[PDB]
Amino acid sequence: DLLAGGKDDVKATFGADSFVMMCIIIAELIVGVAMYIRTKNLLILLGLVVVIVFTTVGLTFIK
Amino acid sequence: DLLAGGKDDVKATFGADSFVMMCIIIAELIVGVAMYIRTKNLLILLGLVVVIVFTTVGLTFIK
Amino acid sequence: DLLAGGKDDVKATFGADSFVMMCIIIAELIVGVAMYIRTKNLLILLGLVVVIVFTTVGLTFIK
Amino acid sequence: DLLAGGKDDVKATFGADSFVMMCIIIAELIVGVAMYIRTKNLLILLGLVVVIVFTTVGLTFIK
Amino acid sequence: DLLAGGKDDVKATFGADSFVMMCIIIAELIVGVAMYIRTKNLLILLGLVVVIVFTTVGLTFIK
Amino acid sequence: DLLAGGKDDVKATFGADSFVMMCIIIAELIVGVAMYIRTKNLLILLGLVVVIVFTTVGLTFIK
Amino acid sequence: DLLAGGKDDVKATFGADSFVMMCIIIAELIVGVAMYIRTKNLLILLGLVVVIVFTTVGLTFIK
Amino acid sequence: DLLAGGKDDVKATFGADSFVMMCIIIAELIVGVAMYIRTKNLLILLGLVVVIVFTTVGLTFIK
Amino acid sequence: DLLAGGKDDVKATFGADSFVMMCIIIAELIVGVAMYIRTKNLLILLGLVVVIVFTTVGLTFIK
Amino acid sequence: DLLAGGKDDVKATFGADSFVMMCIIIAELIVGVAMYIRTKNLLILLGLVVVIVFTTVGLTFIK
Amino acid sequence: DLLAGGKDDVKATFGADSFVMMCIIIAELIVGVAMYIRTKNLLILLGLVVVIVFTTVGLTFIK
Amino acid sequence: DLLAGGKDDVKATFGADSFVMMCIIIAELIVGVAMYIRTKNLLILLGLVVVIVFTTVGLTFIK
Amino acid sequence: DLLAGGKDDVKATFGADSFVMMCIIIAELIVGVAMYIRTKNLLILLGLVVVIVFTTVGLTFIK
Amino acid sequence: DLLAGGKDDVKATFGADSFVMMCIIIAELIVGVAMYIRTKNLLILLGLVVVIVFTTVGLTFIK
Amino acid sequence: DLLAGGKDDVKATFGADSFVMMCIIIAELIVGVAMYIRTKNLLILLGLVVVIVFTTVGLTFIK
Amino acid sequence: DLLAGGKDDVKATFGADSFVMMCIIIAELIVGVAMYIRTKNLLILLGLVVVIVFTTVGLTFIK
Amino acid sequence: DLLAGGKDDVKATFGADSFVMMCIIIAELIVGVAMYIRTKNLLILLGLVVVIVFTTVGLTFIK
Amino acid sequence: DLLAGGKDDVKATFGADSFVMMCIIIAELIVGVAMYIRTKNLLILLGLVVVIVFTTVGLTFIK
Amino acid sequence: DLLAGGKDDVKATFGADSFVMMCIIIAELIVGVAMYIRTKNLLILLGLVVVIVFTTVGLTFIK
Ligand SMILES: CCCCCCCCCCCCCCCC(=O)OC[C@H](COP(=O)(O)OC[C@@H](O)CO)OC(=O)CCCCCCCCCCCCCCC
Ligand SMILES: CCCCCCCCCCCCCCCC(=O)OC[C@H](COP(=O)(O)OC[C@@H](O)CO)OC(=O)CCCCCCCCCCCCCCC
Ligand SMILES: CCCCCCCCCCCCCCCC(=O)OC[C@H](COP(=O)(O)OC[C@@H](O)CO)OC(=O)CCCCCCCCCCCCCCC
Ligand SMILES: CCCCCCCCCCCCCCCC(=O)OC[C@H](COP(=O)(O)OC[C@@H](O)CO)OC(=O)CCCCCCCCCCCCCCC
Ligand SMILES: CCCCCCCCCCCCCCCC(=O)OC[C@H](COP(=O)(O)OC[C@@H](O)CO)OC(=O)CCCCCCCCCCCCCCC
Ligand SMILES: CCCCCCCCCCCCCCCC(=O)OC[C@H](COP(=O)(O)OC[C@@H](O)CO)OC(=O)CCCCCCCCCCCCCCC
Ligand SMILES: CCCCCCCCCCCCCCCC(=O)OC[C@H](COP(=O)(O)OC[C@@H](O)CO)OC(=O)CCCCCCCCCCCCCCC
Ligand SMILES: CCCCCCCCCCCCCCCC(=O)OC[C@H](COP(=O)(O)OC[C@@H](O)CO)OC(=O)CCCCCCCCCCCCCCC
Ligand SMILES: CCCCCCCCCCCCCCCC(=O)OC[C@H](COP(=O)(O)OC[C@@H](O)CO)OC(=O)CCCCCCCCCCCCCCC
Ligand SMILES: CCCCCCCCCCCCCCCC(=O)OC[C@H](COP(=O)(O)OC[C@@H](O)CO)OC(=O)CCCCCCCCCCCCCCC
Ligand SMILES: CCCCCCCCCCCCCCCC(=O)OC[C@H](COP(=O)(O)OC[C@@H](O)CO)OC(=O)CCCCCCCCCCCCCCC
Ligand SMILES: CCCCCCCCCCCCCCCC(=O)OC[C@H](COP(=O)(O)OC[C@@H](O)CO)OC(=O)CCCCCCCCCCCCCCC
Ligand SMILES: CCCCCCCCCCCCCCCC(=O)OC[C@H](COP(=O)(O)OC[C@@H](O)CO)OC(=O)CCCCCCCCCCCCCCC
């Protein structure tokens, strides 16, 4: 059988609605605008979108 | 269940009416005019508009 | 609630009647005449007008 | 309140009777005659007039 | 399904009655007259018409 | 077999009716008119058409 | 004989119909249009074609 | 005489048809397209060819 | 075999009855009359005829 | 012997009846008429003919 | 004596009838027509000829 | 006397007819045509000639 | 002695009976008639003669 | 004394009867006729003569 | 006294009759004709003369 | 008193007539002509003069 | 209370009449003329003025 | 009080009659004539005058 | 006092009777005739006179 195996709730800690998933997404926003202002090209504002989908489709592979 | 999960008020710190959202928007204005004067083309004054909408529609994805 | 949230007076520093808003407008004038003399076409003298309105209608979005 | 806000005398430096306003107007004269002699059409001598009024009505917007 | 998908109101920001659609059309007018006066041929005054229709029939392709 | 293979819905995120496909097409419009006004030649207004078809026939190759 | 030799299904992970081959092709599309709009020359829209064939004829060399 | 000398099958592990020779070639493909998209010059797609021949003519020197 | 090869409907987009073929012919009319009025010689009104036949016999070479 | 040598079908992709050979010929038509209308001299309509023959006699040198 | 000296078949890989010699010649054709259409002068169509002879008389110096 | 002094055949490895002298010359050809196509000026095709003579007159200084 | 020195057949490529010498002479004819029709003076039809002799007596200086 | 000093035969490579001196003279011919046809003035056909003498009297200064 | 001071023969290596002084002068010739053909103005053929005298009167300052 | 103070002859090593002062001046000549040929403007040939005087009036400050 | 708080005379070291304020202003002059001569546009001579006022109004904020 | 404050004689080094003020003025002369000869317009000879006055009225601000 | 202050003889190097003042005047002559022949208007032959006086009255300001 499995040991240490536990709980999982660790998943709920890092999961969909979380504190860490909430700060990791807000940093993408705030330094996304930063690296935009210093440059002014737009692929970087789109760089926020790839974090939205990545975390979303990423978290479903945890199970 | 969730841990560390907290408060959120961190959202209120970086949210709609905030100090950091107030300075990140005012820098777009002041270096927007800068890179305009050194060049004098207008897509850059419009570069302020894309920060208005980006932060606005961005903050609603935090939840 | 909000943290760091402060004062604002930072707004009064960069606001309507300010030192930085006073120098950023005077540079538009002095390099506006410059790029005019080296060329002598008039859309550039009008380039001062777009800084007048931009800062004016820009500062009202800070709030 | 305001910070950095200062003095203004910076205005007196770039203002009506100044050193920089005195040289920026004298360059209009000397390269105005230049681009006239190489061509000999008169709208360019009139190009000095638009610098007279522009700086005059421009400086009053600083305040 | 779709993510990030949002709102749209971004469309209302750049749409038919807007601030940016209002300034992008007024620049066509003011530099249209400019490039007319320096030349005096009329296809350029007609250059304003092609911006009227282009934005109009353009915005309907957004959906 | 395949791993990581997933979902696809990533396709629905960047697909036909999307948020990113909606902004990438609206930028073609707004800087299309820009580079038109500064020049006034028409192949550039047609530059919007090639983005319409390119994204359309492009997205069908994703599968 | 061979060791570690395995499975292959790793091939099916990166192969013809895949998740990674699906995202690597969609990035060519979205930054292809980007570098087009900022420039407006067409060899770049054709830059999508060379990724179609390259991955296609590339994957057949894996075996 | 020779000691430790063994088997060789280690050669079959890293040889022509292998697992490691299969992944080392597939990385050339996937980061070849990457460094292409971020740049769009073609010598890099040809960078896959030099890995094909190098491993091929390289493995024959093992003996 | 062929890749990327597609659809064609791109042909229907630029083909006989189209939007772009409709605007490219109407510009010949409107600037044809222009360059006529400023001059008043008639080979230019005939310049519309050569666009009629050119697009007609041109489109049949696409296949 | 030869390596990487492949398929060719790459030839069929860029060959006689193709998608890229179909768009590269249709651009000659549409910007041929453009540079004609802005000028109205006819060697440019003949510029379409030299693309017909060039691609035709060019493709036969690929082999 | 010589080491590493090998095979040559590397020559057959890059030689007369090859895959890389087939793509390097087809790019000359497709961007030759490109830089022609954007300009319409003919020395560039002749630019394909100098690649024909250069590779031909070049490959004979390999030995 | 001399030590380590050996053989030379290392000279035969890098000498006139060699594998490395064969690949170092073929790269000059293939990236010579590359940097030609992206530009179309001819001093670069002549850049192959200076590698022919340089290696030739260079190798004779080894002794 | 000489290096790179080759073949010549490059001479036969650009020589008397050639493909490039055949197209360079036919362009003189077709744009000779063009610039004649738009003007109707005859020194230009004679402009074809000077290309006949120039290439003829020119090619003999190659050796 | 002198080092590296060599051979000269490098002189024979670029000298009187050479491959590079043969192509550098044939380009003068072929783009000489080009820039003639697009213009039809004759000093340019004479531009071939100045290359004949220049290379001739130039090569004698090498020694 | 002096150290390292040597020989000079380094002077004879780069001096009047040398290998490097022979190639540095022949490059002036071959790219002199190049930049002439692409332009056809004559100050550039005279650009060879200034290299003749410069190296001549330059080398005498070495001592 | 002074220690380590020595000899000077180090001065004679780097002084007026030296080996290092002889090579540092000859490099100015040889890369002076280089950067001239690639450009053909003359301030650079004069760049040799400023090294003549600089070393001359420089060495007298050593004492 | 305050510690380390000292003297100030550090202010007198970097203050109005100082050694460092005297060299920092003289460098603006000497490299101001430099970047002027290499270019010859005049906003740079005015670059000395902005250092005059900046240090002046800057030093008053130290207190 | 002040420290490091010194001497000034640094002023006498860069002052009115100096070595560096003597070379910085002579470069304006020699590259002034250069950029004149390559162009032949006269505002540039006047560019020497603005260095005369600038250094003169500049040095008086050092104190 | 002054440092670095030297000699002047640098003045004698660039002064009235000099090598550099001798070549800078002879270039005015030789490219003066050039730009005359290609045009045949006479203000340019007079362009030599303005170099005579400019260097003459210029050198007297060095002191
Ligand atoms: C778990 C699945 C992982 C799949 C990830 C796929 C990555 C494959 C890489 C493709 C080519 C690399 C392009 C280099 C990047 C490149 O060349 O562009 C560079 C660009 C930012 O520009 P830079 O500031 O780096 O400056 C470079 C510029 O000069 C070039 O325009 O990258 C971005 O961040 C913009 C993103 C927009 C592009 C969107 C593509 C769609 C992405 C979707 C994948 C979502 C992941 C979900 C997974 C959970
Ligand atoms: C979260 C959603 C993210 C979506 C972001 C969409 C980005 C897709 C990129 C499209 C093509 C890139 C064009 C390159 C940019 C380009 O070529 O123009 C360049 C231009 C500035 O010009 P530069 O100084 O860089 O000089 C280049 C010039 O020579 C070209 O005119 O960019 C700007 O900053 C002007 C912005 C006006 C254009 C407005 C477009 C509408 C934007 C709306 C999106 C709002 C985001 C909201 C998200 C919260
Ligand atoms: C916050 C709101 C942002 C909205 C900004 C709107 C920008 C949209 C761009 C429209 C087309 C771009 C034209 C390119 C510019 C162009 O083609 O002209 C070029 C012209 C200067 O000429 P250049 O020296 O660049 O040389 C180019 C010339 O050859 C063309 O005549 O631009 C100027 O600086 C003159 C401005 C007069 C035009 C006034 C327009 C009215 C503006 C009002 C917006 C005020 C902003 C307030 C926001 C706070
Ligand atoms: C702060 C307020 C800014 C408002 C500025 C107004 C600019 C609007 C542009 C109007 C049409 C542009 C005409 C192009 C210019 C054009 O086509 O003429 C060109 C002409 C010089 O000729 P060029 O050497 O460029 O050669 C072109 C010739 O072939 C055409 O005759 O421009 C001048 O410098 C002459 C100025 C006389 C014209 C006086 C007009 C009255 C001006 C008053 C504004 C004073 C500003 C005060 C602000 C402080
Ligand atoms: C989304 C759909 C895009 C379709 C765009 C169609 C563009 C096809 C180009 C046709 C030939 C190009 C002519 C070159 C232009 C040319 O030769 O004229 C040049 C002329 C301006 O003259 P310039 O100052 O450039 O000087 C050139 C003069 O010497 C020639 O008279 O262009 C204009 O801006 C005037 C526009 C009047 C012509 C109106 C035509 C009707 C247009 C309707 C399309 C509306 C677009 C709606 C889309 C939303
Ligand atoms: C996926 C399939 C990819 C195929 C792409 C085909 C590209 C082949 C390039 C042909 C010659 C290049 C011409 C250079 C461009 C050139 O010379 O014109 C230049 C012109 C813009 O003018 P510029 O501002 O660059 O100034 C240059 C001017 O002086 C020349 O008139 O380009 C445009 O953006 C106008 C587009 C109208 C032309 C429409 C052509 C039809 C296109 C259809 C393809 C749709 C793609 C769908 C794929 C999803
Ligand atoms: C795809 C096939 C391409 C074939 C194109 C044939 C072009 C050969 C050029 C012949 C001589 C050039 C004459 C210069 C032009 C010239 O000298 O006239 C000049 C004239 C316009 O006059 P401009 O305003 O340029 O001022 C010049 C005047 O002073 C001279 O009268 O050109 C026109 O646009 C009028 C067209 C009427 C002439 C009709 C001819 C029949 C054309 C039929 C071809 C249809 C093409 C179909 C292809 C799809
Ligand atoms: C692979 C084989 C390559 C051979 C290519 C041959 C190119 C040799 C250049 C000859 C002289 C250059 C003339 C400059 C061009 C010149 O002076 O005319 C200029 C003319 C266009 O006029 P522009 O708008 O450039 O304005 C210039 C005018 O003022 C002069 O009338 O060029 C064209 O595009 C018209 C083409 C009609 C001429 C047809 C000639 C027959 C061509 C056949 C070759 C087919 C290639 C097949 C290869 C696959
Ligand atoms: C291995 C042997 C290497 C020998 C290479 C010889 C190169 C010597 C350079 C001569 C003068 C340079 C002219 C600059 C180029 C120049 O001024 O023309 C420029 C022209 C293209 O025009 P662009 O678009 O650069 O615009 C410039 C125009 O405004 C000038 O018309 O160059 C071409 O690509 C056309 C080629 C036709 C000319 C054919 C010449 C015959 C070539 C034969 C050599 C074959 C090589 C075989 C080797 C394997
Ligand atoms: C062992 C002996 C070493 C001696 C080497 C001699 C190098 C001296 C440098 C002379 C001036 C530098 C010119 C810069 C280069 C320059 O300005 O041209 C630049 C040109 C390539 O053009 P780029 O693409 O760099 O673009 C620059 C262009 O805009 C200028 O046309 O250089 C080449 O690769 C073409 C070579 C043709 C020139 C042939 C010269 C004859 C060479 C013979 C030496 C053979 C070596 C044998 C040794 C084994
Ligand atoms: C390799 C040897 C090079 C030698 C080339 C000799 C060129 C010397 C220039 C003489 C005076 C220039 C006259 C300007 C030209 C001039 O004033 O006429 C202009 C005339 C064309 O008229 P346009 O359209 O330029 O309009 C100008 C008219 O208004 C004047 O009637 O030129 C031609 O193309 C006609 C040619 C007939 C003249 C035939 C002369 C015999 C030529 C024989 C040389 C054959 C070369 C063989 C070499 C391989
Ligand atoms: C090594 C020795 C170097 C000495 C080179 C001498 C160059 C001195 C420049 C004199 C005045 C410049 C004239 C500008 C050129 C100018 O104004 O004419 C321009 C003319 C070509 O006309 P474009 O197409 O540039 O258009 C300009 C026209 O509108 C003017 O008619 O130049 C040529 O290529 C024709 C050459 C015939 C002239 C032959 C002259 C005899 C040359 C003999 C030297 C042989 C060199 C041998 C050295 C190895
Ligand atoms: C060691 C001694 C150094 C003294 C060097 C003297 C350089 C002083 C610069 C004078 C004014 C600069 C003119 C810019 C150059 C300029 O405006 O012309 C430009 C011209 C080449 O024309 P570009 O292709 O750069 O195009 C520009 C054209 O549009 C202008 O006609 O320069 C040359 O290479 C031609 C050389 C003929 C001129 C001969 C002059 C006599 C030179 C004698 C010096 C020999 C040096 C021996 C030293 C060992």
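Residues numbered from 1 in each chain as written, not as in the entry; some residues may be left out. Chains lettered and ligands numbered in written order. Part of a larger assembly, values for the part shown. Heavy atoms only, no water.

- Chain A is annotated in the PDB entry as Pilin of Salmonella enterica subsp. enterica serovar Typhi.
- Each PDB entry has a title, and for this one the record gives "Structure of the bacterial sex F pilus (pED208)".
- The record held by UniProt for chain A lists under Function the comment "Propilin is the precursor of the pilus subunit, pilin, that forms conjugative pili, the filamentous surface appendages required for cell-to-cell contact during the earlier stages of bacterial conjugation, and that retract after contact is established. Mature pilin is assembled with the help of TraQ and TraX (By similarity)."
- Regarding chain A, the UniProt comment filed under Subunit reads as follows: "Monomer. Interacts with itself to form filaments; also interacts with TraQ (By similarity)." (UniProt positions renumbered as here; feature names shortened; annotations may be inferred.)

Concerning the overall build of chain A
Then, number 1: Broken down by element type, chain A carries 3 helices and 0 strands.
Then, number 2: Counting from the amino terminus, helix and strand elements in chain A follow one another as α-α-α.
Then, number 3: In terms of overall dimensions, chain A is more spread out than a globule: its C-alpha atoms have a radius of gyration of 16 Å, far above the 11 Å expected for 63 residues.
Then, number 4: Taken over the C-alpha atoms alone, chain A extends approximately 55 × 20 × 15 Å along its principal axes.
Then, number 5: Buried residues in chain A amount to 37% of all 63 residues.
Then, number 6: Total accessible area computed for chain A in this model is approximately 4000 Å², and 68% of it derives from carbon and sulfur atoms.
Then, number 7: Put simply, chain A has 5 plus and 5 minus side-chain charges, and the middle of one group is 12 Å from the middle of the other. (Helix = DSSP H or I, 4+ residues; strand = E, 2+ residues; numbered from the N terminus. Rg over C-alpha atoms; globule rule 2.2 N^0.38 Å. Buried < 20%, exposed > 50% of the residue type's maximum accessible area, 1.4 Å probe, protein only. Areas by Shrake-Rupley, 256 points an atom, 1.4 Å probe, with all protein chains shown as cover. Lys, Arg positive; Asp, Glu negative; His and termini not counted. Charge placed at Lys NZ, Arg CZ, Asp CG, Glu CD.)

Here's the deal with the site of ligand 10
Then, number 1: Around ligand 10 sit 14 residues, and of these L46, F54 and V57 of chain L together with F19 and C23 of chain O come closest.
Then, number 2: Bordering ligand 10 are residues originating from chains L, N, O and P.
Then, number 3: Starting from 1100 Å² of accessible surface for ligand 10 in isolation, the protein chains cover 65%.
Then, number 4: Only α3 (47-59) of chain L together with α2 (20-37) of chain O provide two or more residues apiece to the shell around ligand 10. (Near = heavy atom within 4 Å.)

With respect to the packing of helix α2 (residues 20-37) of chain A against helix α2 (residues 20-37) of chain B
Then, number 1: α2 of chain B packs onto α2 of chain A with a crossing angle of 10° between their chain directions and a minimal axis gap of 10 Å. On the basis of the axis angle, α2 of chain A is roughly parallel to α2 of chain B. Residues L29, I30, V33 and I37 of chain A of α2 of chain A touch α2 of chain B, and the partners they reach there are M21, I24, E28, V31 and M35 of chain B.
Then, number 2: When its residues are assigned to classes, the contact of α2 of chain A with α2 of chain B shows 8 nonpolar, no polar and 1 charged. (Axes fitted to C-alpha atoms, helices over the stretch in contact; angles between N-to-C directions. Parallel < 35°, antiparallel > 145°, perpendicular 65-115°, else oblique. Contact = heavy atoms within 4.5 Å. Nonpolar A, V, L, I, M, F, W, Y, C, P; charged D, E, K, R; others polar.)

Observations regarding the pattern of salt bridges
Then, number 1: In total, this model carries 14 salt bridges over all chains according to the counting rule given.
Then, number 2: A salt bridge links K40 of chain J to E28 of chain I, with the nearest nitrogen and oxygen atoms 3.6 Å apart. A residue pair is termed interchain when its members come from two chains, as with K40 of chain J in the loop between α2 (20-37) and α3 (47-59) and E28 of chain I in helix α2 (residues 20-37). One exposure class covers both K40 of chain J and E28 of chain I, and it is buried. (Salt bridge = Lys/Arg side-chain N within 4 Å of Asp/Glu carboxyl O.)

With respect to the site of ligand 2
Then, number 1: Surrounding ligand 2, one finds 20 residues, the nearest of these being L42 of chain A, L46, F54 and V57 of chain B together with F19 of chain F.
Then, number 2: Near ligand 2, residues from chains A, B, E, F and G are present, making the site a shared one.
Then, number 3: One nitrogen or oxygen atom from the side chain of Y36 of chain A is found 3.1 Å from an oxygen atom belonging to ligand 2.
Then, number 4: Within the contact set of ligand 2, an oxygen atom lies 3.1 Å away from a backbone nitrogen or oxygen of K40 of chain A.
Then, number 5: Protein coverage of the free-state accessible area of ligand 2, which is 1100 Å², stands at 87%.
Then, number 6: Those elements that provide at least two residues to the shell around ligand 2 are α3 (47-59) of chain B together with α2 (20-37) of chain F.
Then, number 7: Residues that form the shell around ligand 2 fall into these classes: 18 nonpolar, no polar and 2 charged. (Polar contact = N/O pair within 3.5 Å; in protein donor to acceptor, adjacent residues only side chain to side chain.)

What to know about the interface of chain N and chain M
Buried accessible area, meaning the area lost when the parts come together, often serves as the stated size of an interface.
Then, number 1: Facing 17 residues of chain N, the contacting portion of chain M comprises 27 residues.
Then, number 2: A combined buried area of about 2100 Å² lies between chain N and chain M, and 77% of that area is made up of carbon and sulfur atoms.
Then, number 3: Three residues stand out in chain N for area buried against chain M, namely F19, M22 and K40 of chain N, and they jointly supply 28% of the buried area on that side.
Then, number 4: Between chain N and chain M we count 1 salt bridge in total.
Then, number 5: Ranked by residue count, the leading element in the side of chain N that touches chain M is helix α2 (residues 20-37) of chain N, at 8 residues.
Then, number 6: Of the residues contributing to the side of chain N that touches chain M, the split by class is 12 nonpolar, 2 polar and 3 charged. (Buried area = accessible area lost by both parts, 1.4 Å probe.)

Side note on the UniProt feature "transmembrane region" in chain A
All names here are of chain A.
Then, number 1: Taking the numbering used here, the UniProt-annotated feature "transmembrane region" corresponds to residues 14-34 and 42-63.
Then, number 2: Between the end C-alpha atoms of residues 14-34 there is a gap of 26 Å, over a span that is 76% helix and 0% strand.
Then, number 3: Secondary structure across residues 42-63 comprises 59% helix and 0% strand; the distance between its end C-alpha atoms is 35 Å.

Let's talk about α2 of chain B
Note on helix geometry: an α-helix contains 3.6 residues per turn, so any two residues three or four positions apart are oriented the same way.
Then, number 1: An ideal rise of 1.5 Å per residue puts 26 Å on 18 residues; α2 of chain B measures up with 26 Å between its terminal C-alpha atoms.
Then, number 2: By the burial criterion, the buried members of α2 of chain B are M21, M22, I24, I25, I26, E28, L29, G32, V33, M35, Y36 and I37 of chain B.
Then, number 3: Residues of α2 of chain B that are buried sit in contact with α2 of chain A, α1 (10-14) and α3 of chain B together with α1 (10-14), α2 (20-37) and α3 (47-59) of chain C. (Expected span 1.5 Å × (residues − 1).)

Quick look at a nonpolar patch on the surface
Then, number 1: Among the surface-exposed residues, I25, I26, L46, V49, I52 and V53 of chain E together with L29, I30, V33, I37, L42 and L45 of chain I lie close enough to one another that they form a single nonpolar patch of about 1000 Å² accessible area.
Then, number 2: For the nonpolar patch, the secondary-structure elements that each account for two or more residues are α2 (20-37) and α3 (47-59) of chain E together with α2 of chain I.
Then, number 3: In terms of residue count, the dominant contributor to the nonpolar patch is α2 of chain I (4 residues).
Then, number 4: Tracing the sequence through the fold places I26 of chain E in helix α2. (Patch = residues over 30% accessible without salt bridge, like charges linked within 9 Å, V, L, I, M, F, W, Y side chains within 5 Å.)

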